[PDB]
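>
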Ligand SMILES: Cc1cc2nc3c(=O)[nH]c(=O)nc-3n(C[C@H](O)[C@H](O)[C@H](O)COP(=O)(O)OP(=O)(O)OC[C@H]3O[C@@H](n4cnc5c(N)ncnc54)[C@H](O)[C@@H]3O)c2cc1C
Ligand SMILES: Cc1cc2nc3c(=O)[nH]c(=O)nc-3n(C[C@H](O)[C@H](O)[C@H](O)COP(=O)(O)OP(=O)(O)OC[C@H]3O[C@@H](n4cnc5c(N)ncnc54)[C@H](O)[C@@H]3O)c2cc1C
Ligand SMILES: [Cl-]
Ligand SMILES: [Cl-]
Ligand SMILES: [Cl-]
Ligand SMILES: [Cl-]
Ligand SMILES: [Cl-]
Ligand SMILES: [Cl-]
Ligand SMILES: [Cl-]
Ligand SMILES: [Cl-]
Ligand code: NI
Ligand code: NI
Ligand code: NI
Ligand code: NI
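Protein chains in written order, with the entry's author numbering: chain B, 2 to 75, 77 to 455; chain A, 2 to 74, 78 to 455.
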């Protein structure tokens with residue numbers, strides 16, 4: 002009750018990771034979870050998203066099969083997809099429940115709040131530890147706009163027991179785009195709106211442009227620089243009213259996909275004297291330390307890369323640092339690879355061209371290519387893959403790799419290793435190609451499209 | 002007719018690469034080709050194989066679709085027609101491109117007449133530099149009834165799907181053809197002289213491939229040496245050299261390797277060293293024993309891969325024609341994919357190879373799992389991976405994967421391995437989640453250590 006080496010607040014990606022490594026170094030660990038182990042990723046995030054992504058991937062494959070001479074009819079049993087998805091997620095949840103007990107971790111059910119710098123209270127029970135790690139994650143934002151409650155979030159999406167016929171998605175970051183692709187692939191009408199002048203604004207403009215092309219060809223309708231002012235009920239759905247009065251209208255499902263807020267609202271951060279930003283993010287140093295000794299934060303609430311393996315690595319490294327004498331141990335937050343699971347997917351590691359220009363000079367040599375992979379050889383209008391290599395300095399060190407198209411979801415993990423090693427263009431070009439496939443295009447880029455100046 | 006800087010013999014992967022790069026350095030180039038530009042890879046190799054592999058991949062996708070709630074369900081003539089049209093366009097591209105580059109195309113079979121002269125149907129041509137890139141052809145054993153079987157060439161000539169196939173040889177061609185034929189619903193049995201499939205590959209890959217192929221209903225016979233092929237009722241029979249008789253096969257495919265096209269090439273007349281097996285020895289810079297004569301591609305007996313021919317061809321032209329006197333291909337750590345169902349890929353050394361070259365210095369990491377691809381299917385193939393690391397620093401000397409996504413997974417890892425990546429380099433790389441590649445950077449605790 003005060004003899005814990007560690008309290009991890011939150012049994013999500015970060016919390017599980019720190020608790021597991023700490024328990025593995027023989028430490029006495031308490032883990033607090035108000036909902037389900039696995040957090041957002043397992044229950045309402047990565048896993049259910051990717052399972053549904055496989056279904057839309059197979060639906061595309063059935064559409065494309067006749068072109069290759071493979072007989073295939075062609077329609078989604080949404081209830082069946084949800085049933086198999088939840089069974090799959092359930093088993094992952096059950097694994098973590100059993101594993102947390104196998105590790106000897108003290109599981110505490112309920113919502114934790116700090117009471118002071120080294121103590122939390124959960125449903126009236128106070129607990130202290132030498133180390134308290136905050137990993138409470140986030141939740142979808144619903145803007146404070148008229149009729150906003152007529153909309154649903156990604157949480158409500160994964161709760162849908164039937165497929166909606168006519169979807170409006172508000173926001174074109176990861177989840178907006180991912181959900182758009184899933185739903186349109188299942189044959190829903192899909193419109194996405196976004197405040198920005200292009201989809202996936204945080205990504206390289208070549209990826210935004212090619213994604214826009216692929217989505218248009220899929221029959222997804224898009225509205226750019228479209229600011230939602232309100233939602234209103236019409237006959238047969240809800241409408242979407244823009245700042246300028248434009249009405250969209252008729253959607254049986256409107257999904258808010260406009261970001262995530264950190265679960266730090268009543269965590270008793272004030273009581274413990276822990277610094278927090280107006281946006282609810284908890285500042286940390288490179289070693290996940292808050293301003294209060296013995297208090298750490300990781301995962302989504304730290305305001306850095308909002309990804310599960312970032313939460314996990316940050317957690318594992320912290321436990322190595324605190325409990326295994328590895329005093330210099332920390333996560334490098336540069337060159338973290340990611341995939342956006344559009345149809346076809348995209349992936350990147352490092353800097354987009356404009357980011358690279360912002361952080362570095364015009365020292366940029368940029369290589370790119372577009373092509374139709376052999377995956378669509380015997381189809382009429384397959385999506386074109388696009389790739390960009392962002393290189394910097396006279397030695398053309400690779401500072402960004404960007405890909406959208408078939409196979410992109412498994413392509414870049416190894417390129418992330420090379421980039422973290424400081425690969426140059428020479429390192430890339432001296433690597434023999436694998437043929438035939440798409441990844442070879444990344445090591446056989448010849449003429450740059452842009453050079454310094 | 003003698004003012005050529007370059008003669009490339011063979012318009013396949015290697016010849017095209019050297020000719021193209023030399024022509025781009027402003028050189029005067031002659032290209033000799035007896036058949037079709039693009040060589041084996043374009044016409045009867047990588048490209049048709051991969052096209053058919055996509056069909057097979059889509060057949061599996063339709064099999065698996067209902068498990069994910071997606072309703073579903078081979079017209080082989082239609083596959084053949086689309087494949088040939090696709091191949092055709094690549095041929096046509098190279099024909100026009102060779103013309104575009106200003107290369108002098110010579111149709112027909114070249115032979116050396118002396119150290120710096122070839123003759124093609126009576127016409128002699130000399131050049132400062134002659135590059136031999138004549139490729140190979142499928143081996144048909146000299147055994148009774150061997151002519152009853154066909155080769156990979158005959159496979160790609162098939163206008164109808166055969167019902168009951170025997171595949172002889174379990175190198176990459178045999179395994180690949182077995183996989184697509186069985187996904188198309190043919191009966192398939194593969195036989196092999198060795199005690200496991202894909203003997204050149206890591207044993208973890210051979211074993212899980214064996215597992216996947218068995219689950220897909222492919223029948224295999226290991227340590228099975230065919231003595232003869234005999235005609236039976238309704239097909240042809242494999243007779244082993246212990247009397248074992250196999251079946252009434254629609255199609256018997258020899259896939260026991262490829263021989264180099266160097267038999268009738270005038271190599272003797274030019275004084276060019278050539279091995280009893282027909283391979284042409286070269287130094288690290290593609291040089292033969294005679295100055296001004298080079299060999300690249302399959303006939304050099306190194307990695308029998310199209311990108312190896314290409315890179316070797318391109319580097320040679322840089323060396324000969326752009327003053328890059330030290331330019332050469334590194335033949336270490338060449339990545340490859342075997343297009344089984346699911347595919348496999350490797351770069352670097354298998355565990356036994358690494359043992360032999362490096363000794364008892366290996367830290368080996370393995371994992372097996374069922375990727376999320378088969379989450380809602382009943383019996384998906386399990387992915388398996390091995391990291392072969394060496395020394396105290398655990399330098400990554402081999403990366404091995406079989407399973408879904410393996411065909412696009414390792415090109416990046418090949419760059420890292422070329423850079424001398426260690427296990428620390430891998431582990432310090434943040435995983436992408438969810439997918440399979442992340443398992444390669446999250447291997448914890450080795451299965452074997454030195455000793
Ligand atoms: C729709 C969607 C798709 C995504 N797809 C991917 C993807 O493909 N790849 C990827 O890498 N990431 C993906 N993510 C992001 C990823 O899920 C998060 O970055 C990850 O879950 C962050 O881990 P975390 O530990 O910070 O928080 P979480 O995993 O959200 O865990 C926090 C936990 O703390 C609990 N909690 C909160 N407050 C308290 C309290 N005070 N007391 C006790 N418990 C508390 C919560 O119930 C939750 O279980 C996706 C996210 C979403 C929403
Ligand atoms: C079934 C199969 C599948 C394959 N799959 C892959 C794969 O997926 N990935 C990969 O990297 N590799 C693959 N390969 C191997 C790849 O095709 C070869 O390694 C590559 O073609 C070798 O290039 P090359 O220049 O040495 O020979 P080739 O491409 O075979 O070219 C040699 C050319 O020379 C011509 N020629 C021969 N003699 C003469 C003469 N004296 N005069 C004029 N012309 C002559 C021939 O007609 C031929 O066009 C595959 C091969 C096969 C057979
Ligand atoms: Cl897809
Ligand atoms: Cl145990
Ligand atoms: Cl409460
Ligand atoms: Cl909260
Ligand atoms: Cl031109
Ligand atoms: Cl002749
Ligand atoms: Cl010959
Ligand atoms: Cl496949
Ligand atoms: Ni205690
Ligand atoms: Ni106290
Ligand atoms: Ni001449
Ligand atoms: Ni002479």
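Cβ atoms here follow ideal geometry from the backbone N, Cα and C, with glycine treated the same way.
Which whole-angstrom value is the C-beta distance of residue 75 (chain A) and residue 119 (chain A), which I expect to be below 8 Å?
Any question about the placement of residue 75 (chain A) has no answer from these coordinates, since chain A jumps from 74 to 78.
> Skipping 5 residues on each side, what residues in its chain have a beta carbon closer than 7 Å to that of residue 278 (chain B)?
266, 271, 284
> Taking the straight line between their C-alpha atoms, what separation do you get for residue 199 (chain A) and residue 227 (chain A)?
5 Å
> Could you tell me the boundaries of the alpha helix (DSSP H) in which residue 91 (chain A) lies?
80-104
> What does residue 412 (chain B) reach in chain A if we use C-beta pairs closer than 9 Å?
408, 409, 410, 411, 412, 413, 436, 439, 440, 441
> Count the other C-beta atoms from every protein chain shown that fall within 10 angstroms of the C-beta of residue 13 (chain B), then say buried if there are 16 or more, exposed otherwise.
buried
> Bridge partners for residue 258 (chain A) per DSSP, in chain order?
A:172
> Could you check how far apart the C-beta atoms of residue 318 (chain A) and residue 22 (chain A) are, in whole angstroms? I think they sit under 8 Å.
With 8 Å as the limit, residue 318 (chain A) and residue 22 (chain A) qualify as a contact, their Cβ atoms being about 5 Å apart.
> Could you run through the region 88-121 of chain B and flag, in chain order, every residue whose CB is less than 7 Å away from some CB of chain A?
Taking 7 Å as the cut-off between beta carbons, the residues of the region 88-121 of chain B near chain A are 90, in sequence order.
> Under 9 Å between beta-carbons, which chain A residues line up against residue 26 (chain B)? List them in chain order, please.
None at all; the shortest Cβ gap to chain A is about 14 Å.
> In the DSSP assignment, the beta strand (DSSP E) including residue 223 (chain A) goes from what residue to what residue?
Start and end: 223-225.
> In angstroms with no decimal places, state the Cα-to-Cα distance between residue 150 (chain A) and residue 232 (chain A).
Going by the C-alpha atoms only, they are around 7 Å apart.
> Which residues of the region 364-387 of chain B have a Cβ closer than 7 Å to any Cβ of chain A? Give them in chain order.
Residues of the region 364-387 of chain B with a C-beta less than 7 Å from any C-beta of chain A: 376, 377, 379, 380, listed in chain order.
> Classify residue 385 (chain B) as buried or exposed, calling it buried when 16 or more other Cβ atoms lie within 10 Å of its own Cβ.
buried
> Measuring alpha carbon to alpha carbon, tell me which residue in B:330, B:68, B:408, B:338 is nearest residue 290 (chain B).
B:330
> Entirely within the region 216-303 of chain B and at least 4 residues each: give me those alpha helix (DSSP H) ranges in chain order.
271-274
> Which residues, in chain order, sit with a beta-carbon under 5 Å away from any heavy atom of ligand 9?
Counting only residues whose CB is nearer than 5 Å to a non-hydrogen atom of ligand 9, the list in chain order is A:265, A:267, A:268.
> So, at 6 Å on beta carbons, what are the nonlocal neighbours of residue 148 (chain A) in its own chain, with the 5 sequence-adjacent residues on each side left out?
232
> Output the residue ranges of the alpha helix (DSSP H) runs that lie fully inside the region 353-396 of chain A and measure 4 residues or longer, sorted by chain position.
355-362
> Hey, quick one: how far does the alpha helix (DSSP H) through residue 431 (chain A) stretch, first residue to last?
427-431
> Along chain B, which residues have their Cβ under 8 Å away from the Cβ of residue 60 (chain A)?
66, 71
> Count the other C-beta atoms from every protein chain shown that fall within 10 angstroms of the C-beta of residue 162 (chain A), then say buried if there are 16 or more, exposed otherwise.
exposed
> Report back the beta-carbon spacing between residue 400 (chain B) and residue 391 (chain B) to the nearest angstrom; my notes put them in contact at under 8 Å.
Indeed they touch by this definition, with Cβ atoms about 6 Å apart.
> Mind listing the chain B neighbours of residue 55 (chain A)? Cutoff is C-beta to C-beta under 7 Å, in chain order.
69, 376, 377, 379
> Please confirm whether residue 419 (chain B) and residue 338 (chain A) have their CB atoms less than 7 Å apart.
Going by beta carbons, residue 419 (chain B) and residue 338 (chain A) fall outside the 7 Å limit.
> Starting from residue 194 (chain A), follow the beta strand (DSSP E) in both directions and report where the run begins and ends.
191-195
> Taking C-alpha atoms, which residue in A:45, A:66, A:72 lies nearest to residue 382 (chain A)?
A:66
> Expressed to the nearest angstrom, what Euclidean distance is found between the alpha-carbon atoms of residue 316 (chain A) and residue 304 (chain A)?
11 Å
> Please find out if some non-hydrogen atom of ligand 3 comes closer than 6 Å to the beta-carbon of residue 346 (chain B).
yes
> From residue 436 (chain A) to residue 201 (chain B), what distance separates their C-alpha atoms?
22 Å
> Could you name the residues whose beta carbon sits closer than 7 Å to any heavy atom belonging to ligand 12, keeping them in chain order?
B:118, B:120, B:121, B:130
> Looking at chain A, which residues of the region 180-208 of chain B have a Cβ within less than 9 Å of any of its Cβ atoms?
Shown in chain order are the members of the region 180-208 of chain B whose Cβ falls below 9 Å from a Cβ of chain A: 188.
> So does the region 84-92 of chain A actually touch the region 48-61 of chain A, counting three or more Cβ pairs closer than 8 Å?
Verdict: yes, contact present.
> Any idea which residues DSSP pairs residue 349 (chain A) with across the strands?
A:341, A:405
> Is the region 125-140 of chain A touching the region 152-160 of chain A in the sense that three or more CB pairs, one from each, lie closer than 8 Å?
no
> Check the Cβ of residue 82 (chain A) against every Cβ in chain B and list those closer than 7 Å, keeping chain order.
70
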